[PDB]
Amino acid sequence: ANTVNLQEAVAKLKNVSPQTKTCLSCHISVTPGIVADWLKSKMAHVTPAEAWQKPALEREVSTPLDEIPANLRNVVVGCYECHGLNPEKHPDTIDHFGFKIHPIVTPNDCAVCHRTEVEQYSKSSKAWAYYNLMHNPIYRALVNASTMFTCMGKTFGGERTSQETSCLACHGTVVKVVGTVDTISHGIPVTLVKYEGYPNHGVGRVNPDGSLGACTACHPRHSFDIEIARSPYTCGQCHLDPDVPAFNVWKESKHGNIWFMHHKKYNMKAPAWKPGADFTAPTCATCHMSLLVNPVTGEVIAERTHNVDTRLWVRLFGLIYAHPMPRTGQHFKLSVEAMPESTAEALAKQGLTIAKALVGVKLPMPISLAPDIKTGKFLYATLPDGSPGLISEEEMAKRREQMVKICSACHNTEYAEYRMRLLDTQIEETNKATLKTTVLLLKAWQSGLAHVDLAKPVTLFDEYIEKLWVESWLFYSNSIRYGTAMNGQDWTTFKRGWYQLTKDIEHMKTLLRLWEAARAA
């Protein structure tokens, strides 16, 4: 009763390769969950040659048929079709019952049939997420301050332990092949690959073949189901409260309420997604990634993208302020002047002379630590060629207009623009609140309540009042901006929003007051 007879289901398949038939004949008994899951995939039932017969909008392969290897064109995508691809390019290739297979199927393997998707992904911030985090000295200092501590002379935590179960679970690990292990399994002797850093399915996973990304985030193996990729649950693996509460905001939004109750009557599987005809409430994919087509006119409302950056005009994740979206996905290459001298001079006139040590310093961040007091403007990062690191105003306006075109499937244009204008005001206000907590932190360093040493960036984030400052942007300003962008309510208020942000400001002020009272006493 919903029970799948696995043997009968395998026997009814067609266009299975002789190789895959061998894998299945064994794996159906040793890993029945994998076989059942694979049986649910569109890939188990469609050959590349068949997919290429479909009209462009409906088709979900993108490597031209004549560029797909001949032995793959006329069989469904089975165990051998993925795991046996390009053995010589995979360091985790092992002999396995007469076949040369590798366990970690990578974006470069996917690209054999989905070239366009991999090309798009590889340019994205997601693909570069490990380097964006771990090869940025400032961000890595935050990683370190958050996941390491000392106990009686020794340091605990680090990349392969505390960081692997935390930051790198979402951002991605570096996978290293370190050997093999001989096991006995269901009576059979089997050699398995020994890894460091796998299992891991973070978006910027660094694979053994050097490609970047895990293509099983969003649509997990082995079902590879776009119905899952278009659900909110799948993005909720990584987009949660307190730092990146897109799932929580959406769940409380009316879009979310309606989707939970009505999605049973939506068509979640049509490759060209049709607003109205297929769904009446948007999910993450609807606004961020999906191909959207007008059900009556056939007009493309939005082209599919596997580079999510291309839809965003303003980065709501504060670093430390919200800022125009970076032009490329390699954020670790950004460099900005940290502190304008006119602002530093104004700070020093009020007794905060610490800002002086930041004049002329470059930081690997998209935006400066303070605006210029004369102009009222922040400084924006450049790339190593000296070109602007963030998108132009014209590009922001184009992206904003494309998003409004999506809303316009279900709302009038002024309605959508009104919300985007409100979002601008919240970007402005949260950025000012973040500047305020930043100045309070400079006071903490000036008065000796906290210690700082720029040659050792972990010292920016390693004490309690410094963590309060971090939360002001990383948790509260972010939540307010997210909640405004995606129609939240409590995430902009008591849970993680304005109330928390204003509380945090006062919390910092109280600590400073107690410290001064303890000194001047």
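Note that residue numbering follows the sequence shown and begins at 1.
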Quick check: 40 to 48 versus 454 to 462, which has the larger average CA B-factor in the record? 454 to 462
Higher of the two mean Cα B-factors (445 to 453, 110 to 118; per PDB record) comes from 445 to 453
Using the entry's values, work out which of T280, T155, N307, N294 has the largest Cα B factor. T155
Could you check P242, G210, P324, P199 and tell me which one carries the biggest Cα B-factor in the deposited entry? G210
Please say which third, lowest, middle or highest, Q489 falls into when its CA temperature factor is compared across its chain. highest
Per the entry's values, where does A56 land by CA temperature factor relative to the rest of its chain, in the lowest, middle or highest third? highest
Here the Cα B-factor of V16, set against its chain, lands in the third termed middle
Among the modelled residues of this chain, does the Cα B factor of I505 put it in the lowest, middle or highest third? middle
Ordered by C-alpha B-factor within the chain, which third holds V35? Give me lowest, middle or highest, please. lowest
